[PDB]
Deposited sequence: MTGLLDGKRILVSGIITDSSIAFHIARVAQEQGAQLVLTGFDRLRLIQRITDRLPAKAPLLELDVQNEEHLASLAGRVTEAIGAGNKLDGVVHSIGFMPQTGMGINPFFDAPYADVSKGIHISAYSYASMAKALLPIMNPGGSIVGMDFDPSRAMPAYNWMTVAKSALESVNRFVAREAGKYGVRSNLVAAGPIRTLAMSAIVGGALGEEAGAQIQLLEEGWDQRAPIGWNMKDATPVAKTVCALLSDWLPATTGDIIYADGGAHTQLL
């Protein structure tokens, strides 16, 4: 009697048990989903983190910058879920921006090689993952990616804010492609999660229902709502799981 009973869902982005993807995976399993997980570089380490989830799930390697990993992804997922079975959901919870482009480094001092790598991993890969997986997705399916509202500039986030602005645009185009398969594509724009202090503290102040940066469960639940059959007419869009902070000036 779970929200995602019987659904086959791929979840990328687990690195620690504080990863937003770890909480998404935990809630999806509690709700009856059968998962396939993807990890980057430190696969033995990631496998040990995935052992903390309530149910066993196969772990596949996926470096989104690696064309060979993307070319073989659908075949490897099909081995994991069984021939004749397809995915009902895909979760993109991947991001990266070198220290030259996010933090205390001046915005103007980020070399383009660093910005390009960050945009490749954080934005272009949302299209790459949809390209690889839409041929193995069922109608009524759902692709969800993680976002941080980039509509206004802010301290420190710098080039990662630019990568999120690009990701929002990529999501609208992925929705055009996914619609051909009867699949939805949406982003969840979350408030800050402890996975800068003054900026982050502003969310709880503005949020009419408050914001707890130490609690990823409300974000995971929102992703699961989009993976469910309960938002069937929403695509190319952004759902804000931020306590309502973006709707208030002060």
Deposited-sequence segments unaccounted for in the coordinates: 1, 197 to 214
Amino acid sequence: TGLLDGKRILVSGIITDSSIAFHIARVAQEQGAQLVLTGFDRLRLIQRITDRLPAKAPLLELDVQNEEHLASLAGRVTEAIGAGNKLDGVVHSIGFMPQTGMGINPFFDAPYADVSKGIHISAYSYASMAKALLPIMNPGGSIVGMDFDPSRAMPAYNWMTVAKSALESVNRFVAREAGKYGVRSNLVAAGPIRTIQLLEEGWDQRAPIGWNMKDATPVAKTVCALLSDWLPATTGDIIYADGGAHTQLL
From here on, numbers count along this sequence of modelled residues.
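Rigid core (definition): largest C-alpha set, two forms, superposition within 1.5 Å.
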So which moves more in 7 other deposited structures of this protein by CA, 32 to 40 or 198 to 206, given a superposition on the core? 198 to 206
Identify the stretch, either 56 to 64 or 216 to 224, whose C-alpha atoms have the larger mean B-factor according to the entry. 56 to 64
Higher mean Cα B-factor in the deposited model: 237 to 245 or 15 to 23? 15 to 23
Whose C-alpha has the highest temperature factor in the PDB entry: 183, 193, 188, 45? 45
Between 116, 105, 161, 169, where does the Cα B-factor run highest in the record? 105
Third of the chain, ranked by Cα B-factor, where residue 157 sits: highest
Is the Cα B-factor recorded for residue 179 in the lowest, middle or highest third of its chain? middle
Using the B-factor values recorded in the entry, state whether the Cα atom of residue 74 falls in the lowest, middle or highest third among the modelled residues of its chain. highest
Thinking about Cα B factors across the chain, which third does residue 94 belong to? lowest
Of the three thirds of the chain ranked by Cα temperature factor, residue 129 occupies the middle
